[PDB]
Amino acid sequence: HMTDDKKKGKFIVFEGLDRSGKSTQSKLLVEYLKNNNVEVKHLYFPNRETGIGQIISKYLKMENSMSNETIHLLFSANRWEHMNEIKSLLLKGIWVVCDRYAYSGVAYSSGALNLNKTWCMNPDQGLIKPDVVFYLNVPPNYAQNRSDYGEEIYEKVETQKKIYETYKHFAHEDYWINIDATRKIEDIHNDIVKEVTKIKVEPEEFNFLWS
C-alpha cells in the first residue's frame, strides 16, 4: 500500500542499426501514448550530456580514441547513472520509452569491437529489464542514404554488417519483437501500436537483466 514498490509504468526500448528510425518511432510512440492519456517520458542512450556521456560523444565523433574495454564500460556506466531516474518514473506509473539500451552495448561491442559476448553482458547485469524491445530491422546496407549517415564511428556499411549479425544474439528472446523497418514510417508505427496495445497494464514486480 503506502510502501508499495511495484513497477506501475511500462518500459519500452527501441533497438536497431544506425539511422534505422529509432528517434522517429520512439517520438511517434510517445505522442500516441500522450494522446491516449498515458504519462510517458522519452529517454535514450548514450546520454551525451553527463560527464560520462561527454567522453562517449567524443569517442563516437572520433575526437578521441579509446581502448575497446574502456569505452564498453563507459556505455554501461552511462545506463547505470540513469537507474534511479528510470526506477522512480516507473514506480510513479510513468511509462519510459527509450532509444537504445544494453542490447546496443552487447551488439555493437561484440560485433564492431570483437569483444567476448559474456564479458560485454556482465556490467549491464542488474539494470532494470524492459517489458518489450522493438528491433527496427533494416539490412546493413539499407540506411546508408539517410541524412547524416557516416558522421560517427560505427557508420560504415562493413561495420554495420558485423553489428547486424551480433544483434541476432537477442533475436529469439521472448521480449524481442522484430519489426520490418524498411517500410513507410506510418506502417512501422501501426505495427508498434498493435504490439503496445497487447501489453498487460497491471502493477508488477521489477525484473532485471539478464533474467
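In case it trips you up, residue 1 is the first one in the sequence shown, and so on. Between two forms, the rigid core is the largest collection of C-alphas that superpose within 1.5 Å.
Q: So if we fit everything on the core, which stretch drifts more in 6 other deposited structures of this protein, 134-142 or 99-107, C-alphas only?
A: After superposing on the rigid core, the more displaced stretch in 6 other deposited structures of this protein is 134-142.
Q: Overlaying the structures in 6 other deposited structures of this protein on the rigid core, point out which of 162-170 and 49-57 has the bigger RMS C-alpha shift.
A: Stretch with the larger root mean square C-alpha distance in 6 other deposited structures of this protein: 49-57.
Q: Taking the other compared entries of this protein, do a third or more of them lack coordinates for residue 44?
A: Residue 44: modelled in all of the comparison entries.
Q: Is it true that at least a third of the other compared entries have no coordinates for residue 147?
A: Per the records, residue 147 goes unmodelled in at least a third of the other entries.
Q: Report the stretch with the higher mean CA temperature factor, choosing between 48-56 and 35-43 on the basis of the entry.
A: Per the PDB entry, the higher value belongs to 35-43.
Q: Comparing 10-18 with 192-200, where is the mean C-alpha B-factor higher?
A: Between 10-18 and 192-200, it is 192-200.
Q: For the listed 84, 141, 76, 125, which has the peak Cα B-factor recorded in the PDB entry?
A: Among 84, 141, 76, 125, the highest C-alpha B-factor in the entry belongs to 141.
Q: Quick one: which of 26, 166, 70, 178 has the biggest Cα B-factor according to the entry?
A: Spelled out: the listed residue with the top C-alpha B-factor is 178.
Q: Among the modelled residues of this chain, does the Cα B factor of residue 114 put it in the lowest, middle or highest third?
A: Highest third.
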